[PDB]
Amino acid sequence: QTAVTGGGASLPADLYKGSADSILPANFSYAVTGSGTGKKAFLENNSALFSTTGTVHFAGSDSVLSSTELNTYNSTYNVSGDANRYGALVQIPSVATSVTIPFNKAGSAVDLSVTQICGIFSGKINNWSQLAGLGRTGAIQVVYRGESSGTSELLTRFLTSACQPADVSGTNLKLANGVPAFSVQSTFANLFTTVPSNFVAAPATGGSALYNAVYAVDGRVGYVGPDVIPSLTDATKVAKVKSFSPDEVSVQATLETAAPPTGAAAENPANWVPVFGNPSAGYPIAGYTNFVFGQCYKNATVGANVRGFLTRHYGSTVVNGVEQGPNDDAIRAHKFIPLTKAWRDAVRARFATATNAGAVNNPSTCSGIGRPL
């Protein structure tokens, strides 16, 4: 009977549950809501947001925990001396992912420069004829996620980092340094003083509904994680960016540029999710999608089930002479990027190994405390 209740981000949802190769155990549930609702469900321990009851045990999110979220959590659920505290939370990367740019406009292969992508998503470029050489004409309608979304956060972090003032001049983006500028937003509409009229919210929650909305009306463009894309390589339907298809992220220029935190750095959940807004090589729109767990569970079987999952997902095996995580074949089959060995080792050592003071249901740290039965 023991249930492990979660949900959140749509981007990794099919890797996690519902496919023949999905990686969460059978007793883990995963209600797809988008990352913002997932974080709220965990942080406020509110399973109604996952259409169920009881304690929320985890969330998936491709939106990082904010400073305010962490401080509110600590001061509510991890109070010094409080016998009723839940304890610390755990934020860890799960896989890395690109963000893809599906579009619905017949013609030749499309390769967008940084300037052009910035122009489309700011509203500056609003007609296909304004994209030189693409052989296309007509209004561009941009489909975006109405709910708080990790995919939105990943895309807007890239746009904030890469777009120059001249790329977004003459738009409704909120000002920075006196000029329109992208900012990091999990609620995409919050980029703007007023949303331009050629931007439309997807008609249902989740990236797959956004994807289908792109193909419902000629001339649309959107943004979505790669798993739902039927073909990442068909540049007549999924744009290249800077000459790269979305399966050409440079692991060297992204994941390998940050090592796992240690010591007090490892006690701070924010340090477990590096961000790479402007990679020096390769397909440039990429980041981590993450889990949020409790460190401590009053239900010992939930704690054991979480540790067991972590031991597999962050494990290490040598297959055909090549080291990999145990789930890496499924990760790649879902069009995602496995974590590097250093990160898997660090997560496994700290969070999955019960004798470690930082581990899920470590007897010393978690003694008498935890998320409720």
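One rule holds for the numbers: they count along the sequence shown, beginning at 1.
Enquirer: Per the entry, where is the mean C-alpha temperature factor higher: 75 to 83 or 148 to 156?
Expert: Comparing averages over the C-alpha atoms only gives 75 to 83.
Enquirer: Once you work out the mean C-alpha B-factor for both 183 to 191 and 270 to 278 from the entry, which is higher?
Expert: Averaging CA B-factors over each stretch, the winner is 270 to 278.
Enquirer: Could you tell me which one of 331, 319, 59, 43 shows the highest CA temperature factor in the PDB record?
Expert: Within the set 331, 319, 59, 43, 319 shows the top C-alpha B-factor.
Enquirer: When the CA B-factors of 97, 100, 290, 113 are compared as recorded in the entry, which is the largest?
Expert: When the deposited C-alpha B-factors of 97, 100, 290, 113 are compared, 113 is largest.
Enquirer: Would you please rank residue 10 by its C-alpha temperature factor against the other modelled residues of its chain and give the third it falls in: lowest, middle or highest?
Expert: Tercile = lowest for this residue's CA B-factor.
Enquirer: Taking the chain's C-alpha temperature factors as the reference, tell me which third residue 253 falls into: lowest, middle or highest.
Expert: Its C-alpha B-factor, which the entry lists for residue 253, ranks in the highest third among residues of this chain.
Enquirer: Relative to the other modelled residues of the same chain, rank the CA B-factor of residue 121 and answer lowest, middle or highest third.
Expert: Tercile = lowest for this residue's CA B-factor.
Enquirer: Of the three thirds of its chain by CA temperature factor, lowest, middle or highest, which one includes residue 339?
Expert: Middle third - that is where residue 339 ends up once the chain's C-alpha B-factors are sorted.
Enquirer: Relative to the other modelled residues of the same chain, rank the CA B-factor of residue 39 and answer lowest, middle or highest third.
Expert: CA B-factor rank for residue 39: lowest third.
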